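Asks: Input structure: work_2.cif, which contains mmCIF, C-alpha atoms.
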data_structure
loop_
_atom_site.label_atom_id
_atom_site.label_comp_id
_atom_site.auth_asym_id
_atom_site.auth_seq_id
_atom_site.Cartn_x
_atom_site.Cartn_y
_atom_site.Cartn_z
CA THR G 1 -0.64 26.19 10.60
CA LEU G 2 -0.06 23.18 8.27
CA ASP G 3 -3.27 21.26 7.66
CA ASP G 4 -3.38 17.49 7.41
CA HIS G 5 -7.01 17.41 6.18
CA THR G 6 -6.35 19.56 3.09
CA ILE G 7 -5.12 17.73 0.03
CA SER G 8 -3.86 19.26 -3.22
CA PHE G 9 -3.99 17.44 -6.53
CA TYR G 10 -0.36 17.33 -7.66
CA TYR G 11 0.93 16.48 -11.16
CA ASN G 12 4.41 15.07 -11.67
CA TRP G 13 4.19 14.66 -15.42
CA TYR G 14 6.17 17.71 -16.59
CA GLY G 15 9.53 17.36 -18.29
CA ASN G 16 11.99 19.48 -20.23
CA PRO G 17 15.06 19.07 -22.48
CA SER G 18 17.51 20.16 -19.76
CA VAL G 19 16.43 17.56 -17.18
CA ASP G 20 14.59 14.91 -19.19
CA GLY G 21 15.98 15.31 -22.71
CA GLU G 22 12.60 16.25 -24.21
CA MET G 23 9.55 18.41 -23.43
CA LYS G 24 6.93 16.42 -21.57
CA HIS G 25 3.39 17.76 -21.15
CA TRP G 26 4.36 21.37 -21.95
CA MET G 27 4.24 19.81 -25.38
CA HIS G 28 0.72 18.34 -25.67
CA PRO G 29 -1.75 17.27 -28.35
CA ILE G 30 -4.79 19.41 -29.15
CA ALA G 31 -7.96 17.29 -28.62
CA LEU G 32 -10.82 16.91 -31.10
CA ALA G 33 -14.36 17.97 -30.12
CA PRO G 34 -16.42 15.01 -28.88
CA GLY G 35 -17.90 13.09 -31.78
CA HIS G 36 -15.93 15.05 -34.40
CA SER G 37 -13.42 13.91 -37.03
CA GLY G 38 -10.16 15.73 -37.63
CA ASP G 39 -6.39 15.63 -37.30
CA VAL G 40 -5.02 15.86 -33.77
CA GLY G 41 -3.12 19.15 -33.38
CA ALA G 42 0.00 19.82 -31.34
CA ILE G 43 1.43 22.51 -29.09
CA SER G 44 5.22 22.12 -29.30
CA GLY G 45 6.21 23.38 -25.83
CA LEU G 46 8.99 25.26 -27.68
CA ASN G 47 9.51 29.03 -28.16
CA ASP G 48 7.43 29.70 -25.01
CA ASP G 49 4.39 28.17 -26.83
CA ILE G 50 3.14 25.82 -24.14
CA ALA G 51 0.07 23.63 -23.52
CA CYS G 52 -1.77 25.81 -20.99
CA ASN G 53 -3.68 29.09 -20.87
CA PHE G 54 -1.58 30.47 -17.98
CA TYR G 55 2.23 30.53 -17.82
CA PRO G 56 4.16 29.19 -14.79
CA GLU G 57 6.44 31.36 -12.68
CA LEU G 58 8.83 28.38 -12.78
CA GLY G 59 8.63 28.17 -16.59
CA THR G 60 8.62 24.88 -18.48
CA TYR G 61 9.84 23.03 -15.45
CA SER G 62 10.70 19.39 -14.93
CA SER G 63 8.91 17.32 -12.30
CA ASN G 64 12.23 15.45 -11.94
CA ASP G 65 14.16 18.58 -10.93
CA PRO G 66 14.93 18.51 -7.19
CA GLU G 67 14.97 22.33 -7.12
CA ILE G 68 11.46 22.48 -8.57
CA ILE G 69 10.27 19.82 -6.11
CA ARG G 70 11.81 21.77 -3.22
CA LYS G 71 10.08 24.93 -4.44
CA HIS G 72 6.71 23.15 -4.87
CA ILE G 73 6.88 21.85 -1.30
CA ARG G 74 7.70 25.38 -0.06
CA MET G 75 4.62 26.61 -1.96
CA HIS G 76 2.47 24.10 -0.11
CA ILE G 77 3.93 25.39 3.18
CA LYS G 78 2.93 28.92 2.05
CA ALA G 79 -0.63 27.64 1.30
CA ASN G 80 -0.81 25.72 4.62
CA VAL G 81 -1.65 22.58 2.60
CA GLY G 82 -0.13 19.56 4.39
CA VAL G 83 -0.95 16.83 1.86
CA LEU G 84 -0.26 16.37 -1.87
CA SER G 85 -2.03 13.64 -3.84
CA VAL G 86 0.30 12.74 -6.65
CA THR G 87 -0.98 11.59 -10.01
CA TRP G 88 -0.25 7.83 -10.40
CA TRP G 89 -0.26 6.19 -13.82
CA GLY G 90 0.34 2.54 -12.92
CA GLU G 91 3.26 0.28 -13.86
CA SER G 92 4.83 3.04 -16.01
CA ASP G 93 5.35 5.00 -12.76
CA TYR G 94 7.13 2.21 -10.87
CA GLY G 95 10.48 3.53 -9.62
CA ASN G 96 9.89 7.02 -11.03
CA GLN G 97 12.30 9.68 -9.80
CA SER G 98 9.83 12.42 -8.86
CA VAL G 99 7.86 10.47 -6.26
CA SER G 100 10.91 9.67 -4.10
CA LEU G 101 12.07 13.30 -4.29
CA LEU G 102 8.58 14.56 -3.41
CA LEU G 103 8.50 12.33 -0.32
CA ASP G 104 12.06 13.34 0.68
CA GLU G 105 11.26 17.05 0.32
CA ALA G 106 7.88 16.76 2.06
CA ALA G 107 9.48 14.96 5.02
CA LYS G 108 11.84 17.94 5.66
CA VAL G 109 8.90 20.26 6.37
CA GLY G 110 6.28 17.83 7.77
CA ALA G 111 4.23 17.60 4.56
CA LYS G 112 2.66 14.32 3.40
CA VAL G 113 2.07 12.48 0.09
CA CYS G 114 -0.83 10.28 -0.96
CA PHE G 115 -1.71 8.87 -4.36
CA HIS G 116 -4.25 9.65 -7.07
CA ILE G 117 -4.82 6.48 -9.11
CA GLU G 118 -5.41 7.45 -12.72
CA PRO G 119 -7.12 5.53 -15.59
CA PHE G 120 -4.00 3.78 -16.81
CA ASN G 121 -4.04 1.22 -19.61
CA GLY G 122 -5.52 -2.10 -18.38
CA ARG G 123 -6.81 -0.68 -15.10
CA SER G 124 -8.93 -3.25 -13.28
CA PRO G 125 -9.56 -4.34 -9.68
CA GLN G 126 -6.55 -6.70 -10.07
CA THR G 127 -4.13 -4.15 -11.51
CA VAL G 128 -5.29 -1.52 -8.99
CA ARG G 129 -4.45 -4.09 -6.27
CA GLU G 130 -0.99 -4.53 -7.76
CA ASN G 131 -0.50 -0.76 -7.74
CA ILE G 132 -1.62 -0.42 -4.13
CA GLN G 133 0.87 -3.17 -3.28
CA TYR G 134 3.64 -1.38 -5.15
CA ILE G 135 2.85 1.97 -3.52
CA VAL G 136 2.61 0.56 0.03
CA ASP G 137 5.72 -1.66 -0.36
CA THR G 138 7.85 1.05 -1.90
CA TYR G 139 6.70 4.22 -0.14
CA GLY G 140 4.72 3.02 2.89
CA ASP G 141 7.67 3.17 5.28
CA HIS G 142 8.51 6.74 4.25
CA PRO G 143 8.16 9.40 6.99
CA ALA G 144 6.19 11.54 4.49
CA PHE G 145 3.76 8.80 3.41
CA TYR G 146 0.28 10.05 4.28
CA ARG G 147 -1.97 8.37 6.81
CA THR G 148 -5.12 9.73 8.37
CA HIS G 149 -6.77 8.00 11.36
CA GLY G 150 -3.93 5.50 10.82
CA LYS G 151 -4.72 4.63 7.20
CA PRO G 152 -3.30 5.56 3.79
CA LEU G 153 -5.70 7.43 1.53
CA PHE G 154 -6.13 6.74 -2.21
CA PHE G 155 -8.23 8.77 -4.66
CA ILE G 156 -9.37 6.83 -7.70
CA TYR G 157 -10.07 9.01 -10.74
CA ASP G 158 -13.01 8.00 -12.97
CA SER G 159 -13.46 4.97 -10.70
CA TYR G 160 -17.06 4.70 -11.92
CA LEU G 161 -15.71 3.25 -15.18
CA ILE G 162 -15.18 0.00 -13.26
CA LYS G 163 -18.47 -1.50 -12.05
CA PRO G 164 -19.27 -1.51 -8.29
CA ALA G 165 -19.48 -5.33 -8.23
CA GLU G 166 -15.94 -5.53 -9.64
CA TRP G 167 -14.64 -3.02 -7.05
CA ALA G 168 -16.31 -5.12 -4.32
CA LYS G 169 -13.92 -8.00 -5.11
CA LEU G 170 -11.12 -5.69 -3.99
CA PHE G 171 -12.83 -3.61 -1.27
CA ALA G 172 -15.43 -5.88 0.41
CA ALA G 173 -14.16 -7.70 3.51
CA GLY G 174 -15.02 -11.05 1.87
CA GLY G 175 -13.90 -9.97 -1.61
CA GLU G 176 -12.05 -12.53 -3.74
CA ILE G 177 -8.98 -10.28 -4.01
CA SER G 178 -9.70 -8.18 -0.91
CA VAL G 179 -7.13 -5.80 0.54
CA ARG G 180 -9.26 -5.38 3.66
CA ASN G 181 -7.38 -6.24 6.83
CA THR G 182 -4.18 -6.84 4.92
CA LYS G 183 -1.17 -4.54 5.14
CA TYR G 184 -2.61 -3.01 1.91
CA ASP G 185 -5.78 -1.70 3.54
CA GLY G 186 -6.60 2.00 3.68
CA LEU G 187 -9.19 4.55 2.70
CA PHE G 188 -10.26 4.31 -0.92
CA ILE G 189 -12.05 7.31 -2.31
CA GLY G 190 -14.02 7.01 -5.57
CA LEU G 191 -14.96 9.76 -8.00
CA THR G 192 -18.69 10.40 -7.91
CA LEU G 193 -20.48 12.18 -10.77
CA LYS G 194 -23.85 12.71 -9.12
CA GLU G 195 -25.63 12.59 -5.78
CA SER G 196 -28.03 9.92 -7.16
CA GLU G 197 -25.15 7.50 -7.81
CA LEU G 198 -23.77 7.71 -4.25
CA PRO G 199 -25.15 4.21 -3.49
CA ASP G 200 -22.54 2.89 -5.96
CA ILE G 201 -19.87 4.01 -3.47
CA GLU G 202 -21.50 1.72 -0.90
CA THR G 203 -21.92 -1.22 -3.31
CA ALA G 204 -18.29 -0.82 -4.36
CA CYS G 205 -17.35 -0.96 -0.64
CA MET G 206 -15.29 2.21 -0.95
CA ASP G 207 -14.60 4.35 2.10
CA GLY G 208 -15.69 7.60 0.55
CA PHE G 209 -16.06 9.84 -2.47
CA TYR G 210 -14.65 12.98 -4.08
CA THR G 211 -15.79 15.29 -6.85
CA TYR G 212 -12.57 16.39 -8.59
CA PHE G 213 -13.81 18.81 -11.27
CA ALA G 214 -12.93 22.43 -10.49
CA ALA G 215 -15.58 23.85 -12.84
CA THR G 216 -18.84 24.43 -10.96
CA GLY G 217 -21.69 22.44 -12.53
CA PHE G 218 -19.52 20.39 -14.87
CA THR G 219 -21.08 17.44 -13.05
CA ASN G 220 -23.87 17.18 -10.46
CA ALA G 221 -21.21 16.26 -7.87
CA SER G 222 -19.09 19.35 -8.71
CA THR G 223 -22.07 21.63 -8.17
CA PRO G 224 -21.44 23.20 -4.71
CA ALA G 225 -25.17 23.64 -4.00
CA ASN G 226 -25.29 19.85 -3.60
CA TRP G 227 -22.41 19.61 -1.12
CA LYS G 228 -24.41 19.93 2.14
CA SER G 229 -26.73 17.12 0.99
CA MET G 230 -23.81 14.91 -0.09
CA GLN G 231 -22.13 15.41 3.30
CA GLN G 232 -25.43 14.43 4.93
CA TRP G 233 -25.46 11.22 2.84
CA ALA G 234 -21.83 10.52 3.74
CA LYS G 235 -22.49 10.88 7.48
CA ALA G 236 -25.62 8.70 7.25
CA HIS G 237 -23.72 6.01 5.29
CA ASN G 238 -20.42 6.03 7.23
CA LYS G 239 -18.48 7.38 4.22
CA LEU G 240 -15.98 10.22 3.80
CA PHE G 241 -17.07 13.08 1.56
CA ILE G 242 -14.10 14.98 0.12
CA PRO G 243 -15.28 17.93 -2.00
CA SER G 244 -12.85 19.29 -4.58
CA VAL G 245 -12.34 23.05 -4.79
CA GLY G 246 -10.59 25.00 -7.53
CA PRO G 247 -9.75 28.65 -8.34
CA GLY G 248 -11.17 28.59 -11.89
CA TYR G 249 -11.12 26.48 -15.05
CA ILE G 250 -9.86 26.98 -18.58
CA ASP G 251 -8.45 24.40 -20.97
CA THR G 252 -8.98 25.95 -24.39
CA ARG G 253 -5.36 25.60 -25.54
CA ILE G 254 -5.59 21.79 -25.26
CA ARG G 255 -9.40 21.65 -25.88
CA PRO G 256 -10.36 24.62 -28.11
CA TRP G 257 -14.02 23.46 -28.30
CA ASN G 258 -14.40 23.34 -24.49
CA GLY G 259 -15.25 26.98 -23.76
CA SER G 260 -18.48 25.93 -22.01
CA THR G 261 -16.40 24.54 -19.11
CA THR G 262 -14.40 27.79 -18.72
CA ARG G 263 -14.89 29.49 -15.34
CA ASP G 264 -13.27 32.93 -14.86
CA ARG G 265 -11.30 33.47 -11.64
CA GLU G 266 -12.83 36.95 -11.08
CA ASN G 267 -9.84 38.14 -9.02
CA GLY G 268 -10.23 35.27 -6.55
CA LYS G 269 -14.01 35.46 -6.13
CA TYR G 270 -14.58 32.10 -7.81
CA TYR G 271 -12.14 30.38 -5.46
CA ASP G 272 -13.60 32.15 -2.40
CA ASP G 273 -17.15 31.09 -3.27
CA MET G 274 -16.20 27.47 -3.94
CA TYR G 275 -13.94 27.07 -0.89
CA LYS G 276 -16.58 28.63 1.38
CA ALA G 277 -19.14 26.13 0.03
CA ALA G 278 -16.75 23.24 0.77
CA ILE G 279 -16.20 24.42 4.37
CA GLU G 280 -19.92 25.09 4.92
CA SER G 281 -20.83 21.58 3.72
CA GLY G 282 -19.35 20.22 6.97
CA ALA G 283 -16.89 17.92 5.14
CA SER G 284 -13.91 16.78 7.24
CA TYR G 285 -11.43 16.84 4.34
CA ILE G 286 -11.08 19.23 1.43
CA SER G 287 -9.23 18.58 -1.79
CA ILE G 288 -7.86 21.25 -4.09
CA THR G 289 -8.11 20.90 -7.86
CA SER G 290 -5.33 21.70 -8.42
CA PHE G 291 -1.84 22.52 -7.35
CA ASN G 292 -0.59 22.28 -10.93
CA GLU G 293 -2.92 20.91 -13.58
CA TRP G 294 -1.74 23.63 -15.95
CA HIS G 295 -3.54 22.19 -18.98
CA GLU G 296 -6.88 22.78 -17.30
CA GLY G 297 -6.20 26.22 -15.83
CA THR G 298 -7.04 25.01 -12.34
CA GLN G 299 -3.57 25.58 -10.81
CA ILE G 300 -2.99 27.51 -7.59
CA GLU G 301 0.72 27.38 -8.52
CA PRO G 302 2.11 30.87 -9.18
CA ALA G 303 1.60 32.14 -12.73
CA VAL G 304 3.23 35.17 -14.42
CA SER G 305 2.36 37.57 -17.23
CA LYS G 306 3.73 36.23 -20.52
CA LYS G 307 3.38 36.68 -24.29
CA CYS G 308 5.08 34.79 -27.12
CA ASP G 309 4.63 34.98 -30.91
CA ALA G 310 2.08 32.17 -30.76
CA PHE G 311 0.01 33.14 -27.69
CA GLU G 312 -0.69 35.69 -24.96
CA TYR G 313 -1.25 33.92 -21.67
CA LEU G 314 -3.89 34.66 -19.07
CA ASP G 315 -2.44 35.66 -15.69
CA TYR G 316 -3.44 36.73 -12.17
CA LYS G 317 -3.08 40.52 -12.61
CA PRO G 318 -3.72 42.79 -10.83
CA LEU G 319 -3.12 40.26 -8.02
CA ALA G 320 0.23 38.73 -6.91
CA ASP G 321 1.79 35.75 -8.74
CA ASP G 322 1.33 33.86 -5.47
CA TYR G 323 -2.18 35.18 -4.79
CA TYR G 324 -3.74 31.72 -4.87
CA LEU G 325 -1.18 30.29 -2.45
CA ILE G 326 -1.86 33.20 -0.05
CA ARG G 327 -5.63 32.84 -0.43
CA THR G 328 -5.43 29.06 0.11
CA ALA G 329 -3.71 29.66 3.48
CA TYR G 330 -6.62 31.98 4.38
CA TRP G 331 -9.20 29.32 3.52
CA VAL G 332 -7.24 26.57 5.31
CA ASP G 333 -7.38 28.75 8.44
CA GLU G 334 -11.14 29.27 7.96
CA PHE G 335 -11.47 25.50 7.54
CA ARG G 336 -9.54 24.76 10.76
CA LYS G 337 -11.69 27.28 12.67
CA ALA G 338 -14.88 25.68 11.31
CA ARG G 339 -13.68 22.16 12.20
CA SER G 340 -12.65 23.33 15.70
CA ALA G 341 -16.16 24.78 16.06
#
Could you write out this structure as structure tokens?
Replies:
Amino acid sequence: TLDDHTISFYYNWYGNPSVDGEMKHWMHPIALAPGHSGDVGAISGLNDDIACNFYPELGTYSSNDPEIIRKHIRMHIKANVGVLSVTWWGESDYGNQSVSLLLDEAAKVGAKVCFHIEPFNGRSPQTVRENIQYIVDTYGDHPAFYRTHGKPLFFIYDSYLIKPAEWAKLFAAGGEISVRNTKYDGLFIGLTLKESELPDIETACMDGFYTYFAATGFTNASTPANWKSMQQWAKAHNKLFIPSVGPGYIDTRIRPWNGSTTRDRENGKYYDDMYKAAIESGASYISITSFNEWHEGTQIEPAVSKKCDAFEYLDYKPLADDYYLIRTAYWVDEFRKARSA
């Protein structure tokens, strides 16, 4: 049942007054349109007025709540998703409570955890190295630490912001700060924006590439029509292609100007079409954007009908709160059957 080649994008950034002493992330700024002046708005996270277009079954939960973490792991078991890639924000995340709990809870059910390296302040080949060292030293011995073909896997969000020649210092065998053939080696997966920039993956000496964005066509790389061709490139260049599939997209609470990126779920049709494209590409690994990026409306996490004075939330009606967990399990089984064939 439980698939070790299916990886959800997991966010551990949520906090509440009960567990953390303040709202975290459920309270969120409202972003200005690109190139525009203005004051930055705020959604308080209070009075059920929260920074997302859907409303969680688990409410304004804390990522540091062991009961929530237990429930999230159980939801992955329901979805047959065996791997979570947790958002990682650099030094500020050293020793953070949620990661240890996630590992502990994953280990009880045979789930695994890998890391999604985010664009933290001062990110560079050197500080990425330091973070890999921290992650491997602190979590690498954990029974639930993910390895595939014997190697840890790291996704690197917006990696293209650091030049390939700089990455090569870290990822080339001869690189000046190389992790290759050290205890810090693994599979490093860069975010690609377009098929035509795939050579940058090779120049950077990365092991593969992923697409992240759940909204079809937001980038060339997140356009499913291009997935067969990208897989072909990956195979020809000894790289791992990891498409990212999502159930929809909407982020207009946090980005009111961003309606062009909205993708309706159409009672699961959007997810079906995208997941089928990912399987049909021939990729060996599939990533899911997202388990719980609530701000961007990409979550497969159960959502409920909800209204407050300030907002009426979207929801999954007339389908079950857990529809997207159920439907994920279906697609994971289709994926396993395709890979077996």
Asks: For range 248-327 of chain G versus range 76-85 of chain G, which residues have an atom no more than 9 Å away, and what is each residue's nearest atom pair and distance in Å rounded to one decimal, using only C-alpha atoms, chain-then-number order, as JSON lines?
Replies:
{"residue": "G:287", "atom": "CA", "partner": "G:85", "partner_atom": "CA", "distance": 9.0}
{"residue": "G:291", "atom": "CA", "partner": "G:84", "partner_atom": "CA", "distance": 8.4}
{"residue": "G:324", "atom": "CA", "partner": "G:79", "partner_atom": "CA", "distance": 8.0}
{"residue": "G:325", "atom": "CA", "partner": "G:79", "partner_atom": "CA", "distance": 4.6}
{"residue": "G:326", "atom": "CA", "partner": "G:79", "partner_atom": "CA", "distance": 5.9}
{"residue": "G:327", "atom": "CA", "partner": "G:79", "partner_atom": "CA", "distance": 7.4}
Asks: Between G:14, G:257, G:89, G:227, which is the closest to residue 122 in chain G once you count all atoms listed in the file?
Replies: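 Of G:14, G:257, G:89, G:227, the one nearest residue 122 in chain G is G:89, counting all atoms listed in the file.
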Asks: With distances taken over only C-alpha atoms, which of G:174, G:184, G:151, G:40 is nearest to residue 135 in chain G?
Replies: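 Looking at the shortest contact to residue 135 in chain G, the residue is G:184.
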Asks: Taking all atoms listed in the file into account, name the residue in G:90, G:119, G:110, G:38 that is nearest to residue 131 in chain G.
Replies: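 Checking each of G:90, G:119, G:110, G:38 against residue 131 in chain G, counting all atoms listed in the file, the winner is G:90.
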Asks: Please list, as an MDAnalysis selection string, the residues that have an atom at most 12 Å away from (-8.7, -2.4, 1.0) in the coordinates of this file, counting only C-alpha atoms.
Replies: chainID G and resid 125 128:130 132:133 136 151:154 167:189 204:207
Asks: Expand the PyMOL selection byres ((chain G and resi 52) around 6) into the individual residues it matches in the shown file, reporting them as a list in words.
Replies: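 Given this file, the PyMOL selection byres ((chain G and resi 52) around 6) evaluates to residues 50, 51, 53, 54, 253, 294 and 295 of chain G.
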Asks: Restricting the calculation to only C-alpha atoms, which member of G:232, G:160, G:198, G:301 is positioned closest to residue 68 in chain G?
Replies: G:301
Asks: Excluding residue 44 in chain G and its own-chain neighbours fewer than 2 positions away, which residues fall within 12 Å of it when counting only C-alpha atoms? Please give them as an MDAnalysis selection string.
Replies: chainID G and resid 16 22:30 41:42 46:52 60 253:254 310
Asks: Do you know which residues lie at most 7 Å from (-13.8, 6.7, -9.6), with coordinates as in the file and all atoms listed in the file counted, and could you write them as JSON, numbers by chain?
Replies: {"G": [156, 157, 158, 159, 160, 161, 190, 191, 192]}
Asks: Nearest to residue 331 in chain G among G:19, G:318, G:258, G:273, with distances taken over all atoms listed in the file: which residue is it?
Replies: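 Answer, going by the shortest atom-to-atom distance: G:273.
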Asks: Please write as a PyMOL selection string the full residue list that the PyMOL selection byres ((chain G and resi 293) around 10) yields on this file.
Replies: chain G and resi 9-13+52+251+289-292+294-301
Asks: Could you write out that same residue set with C-alpha atoms as an mmCIF file, in the frame of the given file?
Replies:
data_model
loop_
_atom_site.group_PDB
_atom_site.id
_atom_site.type_symbol
_atom_site.label_atom_id
_atom_site.label_comp_id
_atom_site.auth_asym_id
_atom_site.auth_seq_id
_atom_site.Cartn_x
_atom_site.Cartn_y
_atom_site.Cartn_z
ATOM 1 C CA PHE G 9 -3.990 17.440 -6.530
ATOM 2 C CA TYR G 10 -0.360 17.330 -7.660
ATOM 3 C CA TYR G 11 0.930 16.480 -11.160
ATOM 4 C CA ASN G 12 4.410 15.070 -11.670
ATOM 5 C CA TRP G 13 4.190 14.660 -15.420
ATOM 6 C CA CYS G 52 -1.770 25.810 -20.990
ATOM 7 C CA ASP G 251 -8.450 24.400 -20.970
ATOM 8 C CA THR G 289 -8.110 20.900 -7.860
ATOM 9 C CA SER G 290 -5.330 21.700 -8.420
ATOM 10 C CA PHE G 291 -1.840 22.520 -7.350
ATOM 11 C CA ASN G 292 -0.590 22.280 -10.930
ATOM 12 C CA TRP G 294 -1.740 23.630 -15.950
ATOM 13 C CA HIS G 295 -3.540 22.190 -18.980
ATOM 14 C CA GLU G 296 -6.880 22.780 -17.300
ATOM 15 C CA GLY G 297 -6.200 26.220 -15.830
ATOM 16 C CA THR G 298 -7.040 25.010 -12.340
ATOM 17 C CA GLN G 299 -3.570 25.580 -10.810
ATOM 18 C CA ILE G 300 -2.990 27.510 -7.590
ATOM 19 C CA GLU G 301 0.720 27.380 -8.520
#
Asks: In Å to one decimal, how far is CA of residue 64 in chain G from CA of residue 45 in chain G?
Replies: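 Taking CA of residue 45 in chain G and CA of residue 64 in chain G, their separation equals 17.1 Å.
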Asks: For range 80-92 of chain G, which lacks atoms in the input, supply N, CA, C and O atoms and format the output as a short mmCIF file (atom, residue, chain, number, x, y, z; two decimals), in the coordinates of the input.
Replies:
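Result saved to selection-v8.cif:
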data_model
loop_
_atom_site.label_atom_id
_atom_site.label_comp_id
_atom_site.auth_asym_id
_atom_site.auth_seq_id
_atom_site.Cartn_x
_atom_site.Cartn_y
_atom_site.Cartn_z
N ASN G 80 -0.39 26.49 3.44
CA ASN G 80 -0.81 25.72 4.62
C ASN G 80 -1.44 24.36 4.27
O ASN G 80 -2.19 23.79 5.06
N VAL G 81 -1.11 23.86 3.08
CA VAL G 81 -1.65 22.58 2.60
C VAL G 81 -0.65 21.48 2.99
O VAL G 81 0.48 21.46 2.50
N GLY G 82 -1.06 20.58 3.89
CA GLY G 82 -0.13 19.56 4.39
C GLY G 82 -0.05 18.25 3.62
O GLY G 82 0.78 17.40 3.95
N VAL G 83 -0.89 18.09 2.60
CA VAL G 83 -0.95 16.83 1.86
C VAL G 83 -1.04 17.08 0.36
O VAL G 83 -1.80 17.93 -0.07
N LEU G 84 -0.25 16.33 -0.40
CA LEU G 84 -0.26 16.37 -1.87
C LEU G 84 -0.72 14.98 -2.29
O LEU G 84 -0.24 13.98 -1.74
N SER G 85 -1.64 14.91 -3.25
CA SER G 85 -2.03 13.64 -3.84
C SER G 85 -1.44 13.59 -5.22
O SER G 85 -1.86 14.31 -6.11
N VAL G 86 -0.41 12.77 -5.39
CA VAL G 86 0.30 12.74 -6.65
C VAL G 86 -0.36 11.84 -7.68
O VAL G 86 -0.69 10.68 -7.39
N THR G 87 -0.51 12.37 -8.89
CA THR G 87 -0.98 11.59 -10.01
C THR G 87 -0.19 10.26 -10.16
O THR G 87 1.05 10.26 -10.12
N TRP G 88 -0.90 9.14 -10.33
CA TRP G 88 -0.25 7.83 -10.40
C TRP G 88 -0.77 7.05 -11.60
O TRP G 88 -1.97 6.76 -11.69
N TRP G 89 0.13 6.73 -12.52
CA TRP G 89 -0.26 6.19 -13.82
C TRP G 89 0.07 4.70 -14.00
O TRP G 89 0.20 4.21 -15.11
N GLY G 90 0.16 3.99 -12.88
CA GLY G 90 0.34 2.54 -12.92
C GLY G 90 1.77 2.08 -13.10
O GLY G 90 2.71 2.76 -12.70
N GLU G 91 1.93 0.90 -13.70
CA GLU G 91 3.26 0.28 -13.86
C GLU G 91 4.31 1.22 -14.47
O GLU G 91 5.48 1.17 -14.09
N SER G 92 3.89 2.10 -15.39
CA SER G 92 4.83 3.04 -16.01
C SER G 92 5.47 4.00 -15.00
O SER G 92 6.50 4.62 -15.28
#
